[PDB]
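Below is the file work.cif, which contains mmCIF, N, CA and C atoms.
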```
data_target
loop_
_atom_site.label_atom_id
_atom_site.label_comp_id
_atom_site.auth_asym_id
_atom_site.auth_seq_id
_atom_site.Cartn_x
_atom_site.Cartn_y
_atom_site.Cartn_z
N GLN A 119 0.30 -17.37 10.56
CA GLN A 119 0.73 -16.49 11.68
C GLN A 119 1.95 -15.67 11.28
N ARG A 120 2.99 -16.35 10.80
CA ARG A 120 4.22 -15.68 10.38
C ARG A 120 4.84 -14.90 11.54
N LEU A 121 5.76 -15.54 12.25
CA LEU A 121 6.44 -14.91 13.37
C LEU A 121 7.93 -15.23 13.36
N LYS A 122 8.35 -16.03 12.38
CA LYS A 122 9.75 -16.41 12.25
C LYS A 122 10.53 -15.34 11.49
N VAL A 123 11.10 -14.39 12.23
CA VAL A 123 11.87 -13.31 11.63
C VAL A 123 13.16 -13.06 12.41
N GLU A 124 14.30 -13.35 11.79
CA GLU A 124 15.59 -13.15 12.43
C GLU A 124 16.60 -12.54 11.45
N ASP A 125 16.89 -13.27 10.38
CA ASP A 125 17.84 -12.80 9.38
C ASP A 125 17.11 -12.22 8.17
N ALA A 126 15.80 -12.06 8.30
CA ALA A 126 14.98 -11.51 7.22
C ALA A 126 15.06 -9.99 7.19
N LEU A 127 15.11 -9.39 8.38
CA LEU A 127 15.18 -7.94 8.51
C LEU A 127 16.62 -7.46 8.39
N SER A 128 17.50 -8.33 7.91
CA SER A 128 18.91 -7.98 7.75
C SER A 128 19.15 -7.25 6.43
N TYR A 129 18.70 -7.86 5.33
CA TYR A 129 18.87 -7.28 4.01
C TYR A 129 17.92 -6.10 3.80
N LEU A 130 16.67 -6.27 4.21
CA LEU A 130 15.66 -5.23 4.07
C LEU A 130 16.15 -3.91 4.67
N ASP A 131 16.77 -4.00 5.84
CA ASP A 131 17.29 -2.82 6.52
C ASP A 131 18.31 -2.10 5.64
N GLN A 132 19.22 -2.88 5.05
CA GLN A 132 20.25 -2.32 4.18
C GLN A 132 19.62 -1.56 3.02
N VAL A 133 18.56 -2.13 2.44
CA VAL A 133 17.87 -1.50 1.33
C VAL A 133 17.27 -0.16 1.75
N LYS A 134 16.70 -0.12 2.95
CA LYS A 134 16.09 1.09 3.47
C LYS A 134 17.14 2.15 3.79
N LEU A 135 18.35 1.70 4.12
CA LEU A 135 19.44 2.61 4.45
C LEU A 135 19.94 3.34 3.21
N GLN A 136 20.29 2.57 2.18
CA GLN A 136 20.80 3.14 0.94
C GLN A 136 19.74 4.00 0.25
N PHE A 137 18.47 3.69 0.51
CA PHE A 137 17.37 4.44 -0.09
C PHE A 137 16.39 4.91 0.98
N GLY A 138 16.51 6.18 1.37
CA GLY A 138 15.63 6.73 2.38
C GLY A 138 14.87 7.95 1.89
N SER A 139 15.30 8.50 0.76
CA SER A 139 14.65 9.68 0.19
C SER A 139 13.52 9.28 -0.75
N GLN A 140 13.65 8.11 -1.36
CA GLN A 140 12.64 7.62 -2.29
C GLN A 140 11.90 6.41 -1.70
N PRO A 141 10.74 6.64 -1.06
CA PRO A 141 9.95 5.56 -0.46
C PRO A 141 9.28 4.68 -1.51
N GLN A 142 9.30 5.14 -2.76
CA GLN A 142 8.69 4.40 -3.85
C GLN A 142 9.52 3.16 -4.20
N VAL A 143 10.83 3.25 -3.99
CA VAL A 143 11.73 2.14 -4.28
C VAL A 143 11.50 0.98 -3.31
N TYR A 144 11.47 1.30 -2.02
CA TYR A 144 11.26 0.28 -0.99
C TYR A 144 9.89 -0.37 -1.15
N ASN A 145 8.86 0.46 -1.34
CA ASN A 145 7.50 -0.04 -1.50
C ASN A 145 7.41 -0.94 -2.73
N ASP A 146 8.17 -0.59 -3.77
CA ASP A 146 8.18 -1.37 -5.00
C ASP A 146 8.80 -2.75 -4.76
N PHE A 147 9.88 -2.77 -3.98
CA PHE A 147 10.56 -4.03 -3.67
C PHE A 147 9.65 -4.96 -2.88
N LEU A 148 8.89 -4.38 -1.95
CA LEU A 148 7.96 -5.16 -1.14
C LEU A 148 6.87 -5.78 -2.00
N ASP A 149 6.31 -4.98 -2.90
CA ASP A 149 5.25 -5.45 -3.79
C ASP A 149 5.74 -6.62 -4.63
N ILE A 150 6.89 -6.46 -5.27
CA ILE A 150 7.47 -7.50 -6.11
C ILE A 150 7.66 -8.80 -5.32
N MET A 151 8.20 -8.68 -4.11
CA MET A 151 8.44 -9.84 -3.27
C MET A 151 7.13 -10.56 -2.94
N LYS A 152 6.08 -9.78 -2.71
CA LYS A 152 4.77 -10.34 -2.39
C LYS A 152 4.20 -11.10 -3.58
N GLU A 153 4.45 -10.59 -4.78
CA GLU A 153 3.97 -11.22 -6.00
C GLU A 153 4.65 -12.57 -6.22
N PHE A 154 5.95 -12.61 -5.97
CA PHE A 154 6.72 -13.84 -6.14
C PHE A 154 6.27 -14.90 -5.14
N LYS A 155 6.07 -14.50 -3.89
CA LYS A 155 5.64 -15.42 -2.84
C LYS A 155 4.23 -15.92 -3.10
N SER A 156 3.46 -15.15 -3.86
CA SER A 156 2.09 -15.52 -4.19
C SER A 156 2.05 -16.43 -5.41
N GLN A 157 3.22 -16.93 -5.80
CA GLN A 157 3.33 -17.82 -6.95
C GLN A 157 2.79 -17.14 -8.21
N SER A 158 2.70 -15.82 -8.18
CA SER A 158 2.19 -15.05 -9.31
C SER A 158 3.21 -15.02 -10.44
N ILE A 159 4.49 -14.88 -10.08
CA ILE A 159 5.56 -14.84 -11.07
C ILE A 159 6.54 -15.99 -10.88
N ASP A 160 7.57 -16.03 -11.71
CA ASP A 160 8.58 -17.09 -11.63
C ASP A 160 9.87 -16.57 -11.01
N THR A 161 10.87 -17.44 -10.93
CA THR A 161 12.16 -17.08 -10.35
C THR A 161 12.86 -15.98 -11.16
N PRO A 162 13.01 -16.15 -12.49
CA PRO A 162 13.67 -15.14 -13.34
C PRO A 162 12.95 -13.80 -13.28
N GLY A 163 11.68 -13.83 -12.89
CA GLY A 163 10.90 -12.61 -12.79
C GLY A 163 11.33 -11.74 -11.63
N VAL A 164 11.41 -12.33 -10.44
CA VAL A 164 11.81 -11.60 -9.25
C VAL A 164 13.28 -11.19 -9.32
N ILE A 165 14.11 -12.05 -9.90
CA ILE A 165 15.54 -11.76 -10.04
C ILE A 165 15.77 -10.61 -11.01
N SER A 166 15.06 -10.62 -12.13
CA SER A 166 15.20 -9.57 -13.14
C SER A 166 14.69 -8.23 -12.62
N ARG A 167 13.54 -8.26 -11.95
CA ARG A 167 12.94 -7.04 -11.41
C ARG A 167 13.86 -6.39 -10.37
N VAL A 168 14.36 -7.18 -9.43
CA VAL A 168 15.24 -6.66 -8.40
C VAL A 168 16.55 -6.17 -9.00
N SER A 169 17.03 -6.87 -10.02
CA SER A 169 18.28 -6.50 -10.69
C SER A 169 18.17 -5.11 -11.31
N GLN A 170 17.05 -4.86 -11.99
CA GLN A 170 16.82 -3.57 -12.63
C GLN A 170 16.45 -2.51 -11.59
N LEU A 171 15.88 -2.96 -10.48
CA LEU A 171 15.47 -2.06 -9.41
C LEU A 171 16.68 -1.33 -8.83
N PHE A 172 17.75 -2.07 -8.59
CA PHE A 172 18.98 -1.50 -8.04
C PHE A 172 20.04 -1.33 -9.12
N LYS A 173 19.75 -0.49 -10.10
CA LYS A 173 20.68 -0.24 -11.19
C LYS A 173 21.75 0.76 -10.78
N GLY A 174 22.95 0.25 -10.50
CA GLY A 174 24.05 1.11 -10.09
C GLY A 174 24.69 0.65 -8.80
N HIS A 175 23.92 -0.05 -7.97
CA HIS A 175 24.41 -0.56 -6.70
C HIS A 175 24.49 -2.08 -6.72
N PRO A 176 25.63 -2.65 -7.16
CA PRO A 176 25.82 -4.10 -7.22
C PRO A 176 25.79 -4.75 -5.84
N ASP A 177 25.85 -3.92 -4.80
CA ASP A 177 25.82 -4.42 -3.43
C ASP A 177 24.48 -5.06 -3.10
N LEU A 178 23.41 -4.30 -3.31
CA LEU A 178 22.06 -4.79 -3.03
C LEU A 178 21.71 -5.97 -3.94
N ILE A 179 22.21 -5.93 -5.17
CA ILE A 179 21.95 -7.00 -6.13
C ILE A 179 22.54 -8.32 -5.63
N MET A 180 23.83 -8.31 -5.30
CA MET A 180 24.51 -9.50 -4.81
C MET A 180 23.89 -9.96 -3.49
N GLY A 181 23.40 -9.01 -2.71
CA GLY A 181 22.79 -9.33 -1.44
C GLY A 181 21.53 -10.16 -1.60
N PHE A 182 20.66 -9.74 -2.51
CA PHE A 182 19.41 -10.45 -2.76
C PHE A 182 19.67 -11.77 -3.48
N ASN A 183 20.72 -11.80 -4.29
CA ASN A 183 21.08 -13.01 -5.03
C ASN A 183 21.44 -14.14 -4.08
N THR A 184 22.25 -13.82 -3.07
CA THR A 184 22.67 -14.81 -2.08
C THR A 184 21.61 -14.98 -1.00
N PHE A 185 20.53 -14.21 -1.11
CA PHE A 185 19.44 -14.27 -0.14
C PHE A 185 18.28 -15.08 -0.70
N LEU A 186 18.35 -15.41 -1.98
CA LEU A 186 17.31 -16.19 -2.65
C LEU A 186 17.16 -17.56 -1.99
N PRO A 187 15.92 -18.05 -1.82
CA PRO A 187 15.65 -19.36 -1.20
C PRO A 187 16.21 -20.51 -2.04
N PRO A 188 16.38 -21.70 -1.43
CA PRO A 188 16.90 -22.88 -2.13
C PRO A 188 15.97 -23.36 -3.24
N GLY A 189 16.43 -23.23 -4.48
CA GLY A 189 15.63 -23.65 -5.61
C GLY A 189 16.08 -24.99 -6.17
#
```

Mind converting the file's structure to structure tokens?
Amino acid sequence: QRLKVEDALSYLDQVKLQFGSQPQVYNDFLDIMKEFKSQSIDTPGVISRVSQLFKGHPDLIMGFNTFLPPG
């Protein structure tokens, strides 16, 4: 069902704010996240991809880092 959404749309919103001219960036972030949740990739995979995704903005990087689930 998936209906538990409260602090999930917190970081995503920030990403959409800093990037509104390039819809390819946001769509790319969503795809990567879906791949990780699908057990398709590993932890270092999603972390590395997101890290390179936001090259120049350490804000979004640190945000996703502290947003990572308990491993």

DSSP on the backbone, alpha helix (DSSP H) only: what residues of chain A does that give? Format it as a PyMOL selection string. chain A and resi 126-136+141-155+161-171+176-183

Got a sec: who's within 8 Å of residue 168 in chain A, counting all atoms listed in the file, leaving out chain neighbours fewer than 2 positions off, as a PyMOL selection string? chain A and resi 147+150+162-166+170-173+178-179+182

Residues within 12 Å of range 133-138 of chain A, only C-alpha atoms, excluding chain neighbours under 3 positions, as a count of residues only: 24

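Excluding residue 160 in chain A itself and same-chain residues fewer than 6 positions from it, the residues having an atom within 12 Å of it are residues 150, 151, 153, 154, 166, 167 and 189 of chain A, counting only C-alpha atoms.
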
Interatomic distance (Å, one decimal) between atom C of residue 184 in chain A and atom N of residue 120 in chain A: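 That distance, rounded to one decimal, is 22.1 Å.
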
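Going from CA of residue 122 in chain A to CA of residue 156 in chain A covers 18.2 Å.
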
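Between CA of residue 121 in chain A and atom C of residue 169 in chain A the interatomic distance comes to 29.0 Å.
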